[PDB]
Amino acid sequence: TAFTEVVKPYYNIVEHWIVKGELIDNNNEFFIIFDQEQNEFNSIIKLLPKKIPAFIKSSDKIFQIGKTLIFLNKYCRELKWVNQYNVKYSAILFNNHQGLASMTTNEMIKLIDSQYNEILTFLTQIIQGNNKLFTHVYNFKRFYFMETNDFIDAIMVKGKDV
Amino acid sequence: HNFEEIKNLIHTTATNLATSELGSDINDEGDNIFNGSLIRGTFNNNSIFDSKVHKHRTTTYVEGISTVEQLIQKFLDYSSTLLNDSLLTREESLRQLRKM
Amino acid sequence: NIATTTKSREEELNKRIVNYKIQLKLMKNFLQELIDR
Amino acid sequence: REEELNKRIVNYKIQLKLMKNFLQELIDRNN
Amino acid sequence: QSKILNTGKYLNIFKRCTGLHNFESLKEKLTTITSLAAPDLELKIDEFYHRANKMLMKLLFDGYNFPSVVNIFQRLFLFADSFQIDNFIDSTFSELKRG
């Protein structure tokens, strides 16, 4: 009886992290943390495998969902789709059900799987879509690895005195 | 030579706005998030990311000028270019021009 | 040493100072017009 | 060398802020 | 802060210029901020700012003919058409060179 209300706040932390992609616990009581001292995105956020509770499932997918959400709504600044996603999955967590606590483990795992697939689908549709990751990697190889020898010959002949 | 760029940009912006209606409709969902969004307290630890990112990368003047702030900034940069290119910004160049 | 780049660093700083000298003097003229009344 | 230009830039930033605060003070007092 | 202040100022400029008391004539559908704790506050502010820029931009360009004001400033100040100023100097050549 006491464990239900004692665990509800933990599930609220997980809810905020899963849906919007933000960290609430000011104290050290969660298996996801930040590093303000770090100066690169991929390593500001790190996981704590020792603190993963036994009653949580698909933790390694929760971490990726939250990290990709932060990346989308703070670096790519794609607020429109993030808001649409927030509404769509709040209509399942809080309207269809009564929160993460009021969800059987099977349905909770299924929900996290659906969120993971959707999030990575959109991340691909941006990074390898609008950004054209492959084209820019090809251009990196074209210029840094000397491929367009004509351009460099032009630079050297023009700058032979400078 | 500097004015050609502004002339082209302003013509592009005029053509862009000519075909654009006045007034835009904004829609929203029912927003059932409630406690899943309140995040009440002091604040979240996501404030660091806003400062970490930078927004000094804006170029290509795509589809013309889209914000009045850029509209003012373009002309301010143009005037600064006119003053700097002319022999009036340095002290050596201005002194030599005055003597000549 | 600081990296050299195609864009003129000193030119940018000088233009900023000149633009900060125009704002200051225009503000001073406006304040003079405001005070004397 | 360019440290000196940056120093002058920040000095003029402070001077401009002071002038604007002077305007606000004057307007507040006249009202 | 800048977006909020500039959105409000731009709408105020539009109202004071075109004389409208309120934007009823446009009959546009608008959504208001439901709460301060809502997650889409930044999105709503961005949308409002874009609406204000859209209106003020179209006012300046289509209504106030700013593009032609740029050419007029070019002519009058930088002599993109030097015939008139040449006549002026010719007419008052003796005066201009005096102390």
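Please refer to the structure placed before this passage.
I will try to describe carefully the structure that is included in this document. (Residues numbered from 1 in each chain as written, not as in the entry; some residues may be left out. Chains lettered and ligands numbered in written order. Part of a larger assembly, values for the part shown. Heavy atoms only, no water. Residues with missing side-chain atoms left out of burial classes, pairs and counts.)

A word on the arrangement of the chains. Most contacts, compared over the 5 pairs of chains touching, are made between chains B and E. There is no contact between chain A and chain D; across them, the least C-alpha separation is 23 Å. Of all C-alpha pairs spanning chain B and chain D, none lies closer than 14 Å, and the two are not in contact. (Contact = heavy atoms within 4.5 Å.)

For the rest of this paragraph, the subject is helix α4 (residues 79–96) of chain A. Residue and element names in this part refer to chain A. With 18 residues, α4 should cover 26 Å at 1.5 Å per step; its first-to-last C-alpha distance of 24 Å lies within 8% of that length. The largest bend in α4 is about 30 degrees, located at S90. Three or more residues of α4 are buried, namely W81, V82, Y85, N86, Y89, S90 and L93. On its buried face, α4 is in contact with α1 (2–19), α3 (59–74) and α5 (105–130). (Helix = DSSP H or I, 4+ residues; strand = E, 2+ residues; numbered from the N terminus. Expected span 1.5 Å × (residues − 1). Bend = angle between axes of the 7 residues up to and from the residue. Buried < 20%, exposed > 50% of the residue type's maximum accessible area, 1.4 Å probe, protein only.)

A few words now on a negative patch on the surface. A contiguous patch of negative charge, built from B:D77, B:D85, C:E11 and C:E12, is present on the exposed surface. Elements represented by at least two residues in the negative patch include exactly α4 (68–85) of chain B together with α1 (9–35) of chain C. Residue position: B:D85 is located in helix α4. (Patch = residues over 30% accessible without salt bridge, like charges linked within 9 Å, V, L, I, M, F, W, Y side chains within 5 Å. Areas by Shrake-Rupley, 256 points an atom, 1.4 Å probe, with all protein chains shown as cover. Salt bridge = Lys/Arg side-chain N within 4 Å of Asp/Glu carboxyl O. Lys, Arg positive; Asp, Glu negative; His and termini not counted. Charge placed at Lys NZ, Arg CZ, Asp CG, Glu CD.)

Bring the parts together and some accessible area is lost; that lost area is often taken as the interface size. Across the boundary between the two partners, chain B contributes 26 residues, which contact 28 residues of chain E. Among the secondary structure elements, those contributing two or more residues to the side of chain B that touches chain E are α1 (2–18), α2 (35–38) and α4 of chain B. A breakdown of the residues in the side of chain B that touches chain E according to their chemical character gives 14 nonpolar, 8 polar and 4 charged. (Nonpolar A, V, L, I, M, F, W, Y, C, P; charged D, E, K, R; others polar.)

We now examine the nonpolar core. In terms of nonpolar packing, the biggest core is built from 39 residues, with A:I32, A:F34 and A:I45 touching the most fellow members. Elements that contribute at least two residues to this core include exactly α1, β1 (32–34), α2 (41–44), α3, α4 and α5 of chain A together with α3 (47–52) of chain B. The element contributing the most residues to this core is α1(A), with 8 residues. If sequence neighbours within four positions are ignored, A:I32 has contacts with A:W17, A:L23, A:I45, A:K46, A:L47, A:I62 and A:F63. (Core = buried A, V, L, I, M, F, W, Y, C linked by side-chain atoms within 4.5 Å.)

Residues and elements named next belong to chain A. Mapped onto the secondary structure, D35 falls in the loop between β1 and α2. Salt bridges are absent for the buried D35, whose nearest opposite-charge side chain, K46, sits at 4.2 Å. Look past the residues within four positions of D35 in its chain and what remains in contact with it is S43, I44 and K46.

Turning next to α1(A). Structural remark: α-helix, 3.6 residues per turn; residues separated by three or four positions point the same way. The terminal C-alpha atoms of α1(A), which comprises 18 residues, lie 26 Å apart, in line with the 26 Å expected from a rise of 1.5 Å per residue. At A:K8, α1(A) shows its maximal bend, which comes to roughly 30 degrees, and the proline A:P9 appears one to four places after that position. For α1(A), the secondary structure elements touched by its buried residues are β1, β2 (45–47), α3, α4 and α5 of chain A together with α2 of chain B.

Right, let's get into a nonpolar patch on the surface. Together, B:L82, E:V69, E:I72, E:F73, E:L76, E:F77 and E:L78 make up a nonpolar patch on the protein surface, roughly 660 Å² of accessible area in all. When its relative accessible area of 57% is taken as the criterion, E:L76 is described as exposed.

This part is about the packing of α3(A) against α5(A). All names here are of chain A. Across the interface, α3 lies against α5 with an axial gap of 10 Å and an inter-helix angle of 35 degrees. When the axes of α3 and α5 are compared, the crossing they make is left-handed. Residues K61, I62, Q64, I65, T68, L69, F71 and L72 of α3 form the contact with α5, whose participating residues are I112, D113, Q115, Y116, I119, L120, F122, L123, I126 and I127. (Axes fitted to C-alpha atoms, helices over the stretch in contact; angles between N-to-C directions. Left-handed = near helix turned anticlockwise from the far one by under 90°.)

The next thing to look at is the interface of chain A and chain B. Listed per partner, the contact involves 24 residues of chain A and 17 residues of chain B. Those elements that provide at least two residues to the side of chain A that touches chain B are α1, α2, α3 and α4 of chain A. The dominant element in the side of chain A that touches chain B, judged by the number of residues it contributes, is α4(A), at 4 residues.

On to the packing of aromatic side chains, then. Under the definition given, this model contains 23 aromatic pairs over all chains. Seen in terms of ring centroids, A:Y75 and B:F49 are 6.1 Å apart; in terms of plane orientation they differ by 75 degrees. Their pairing is edge-to-face. You can see A:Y75 sitting in the loop between α3 and α4 and its partner B:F49 sitting in helix α3, one on each of two chains. The exposure class assigned to A:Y75 is partly exposed, which follows from its relative accessible area of 25%. Among the residues examined, B:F49 registers a relative accessible area of 0% and is labelled buried. Each ring, one from E:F14 and one from E:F23, has its centre 5.8 Å from the other, and the planes form 50 degrees; the classification is tilted. (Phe/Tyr/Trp six-rings, centres within 6.5 Å; stacked < 30°, edge-to-face > 60°.)

Moving on to the environment of A:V7. Residue and element names in this part refer to chain A. For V7, the location among the structural elements is in helix α1. The buried category is assigned to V7, whose relative accessible area is 7%. Sequence-wise, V7 and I65 are 58 residues apart; in three dimensions their C-alpha atoms are separated by 22 Å.

Our next topic: unusual backbone geometry. Although it is not a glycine, B:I39 adopts a positive phi angle of roughly 50 degrees. Located in the positive-phi region is E:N65, a residue other than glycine, with phi close to 55 degrees. Residue placement: E:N65 occurs in the loop between α2 (41–63) and α3 (66–78). Taking relative accessible area as the criterion, E:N65 reaches 40% and is therefore assigned partly exposed.

Quick look at the pattern of salt bridges now. This model, assessed by the stated rule, comprises 15 salt bridges over all chains. Among the salt bridges present, the one from B:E21 reaches E:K54, with a minimum N-O distance of 3.2 Å. Highlighted residues: B:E21 in the loop between α1 and α2 and E:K54 in helix α2, drawn from two different chains. You can call B:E21 exposed: its relative accessible area is 52%. Between D:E25 and D:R29 there is a salt bridge, with the nearest N and O atoms lying 3.5 Å from each other. Of this pair, D:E25 and D:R29 both sit in helix α1 (residues 3–30), separated by 4 residues, roughly a single helical turn. The partly exposed category is assigned to D:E25, whose relative accessible area is 42%. What makes D:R29 exposed here is its relative accessible area of 70%. One network of salt bridges, in which partners are shared, links B:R90, C:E10, D:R1 and D:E2.

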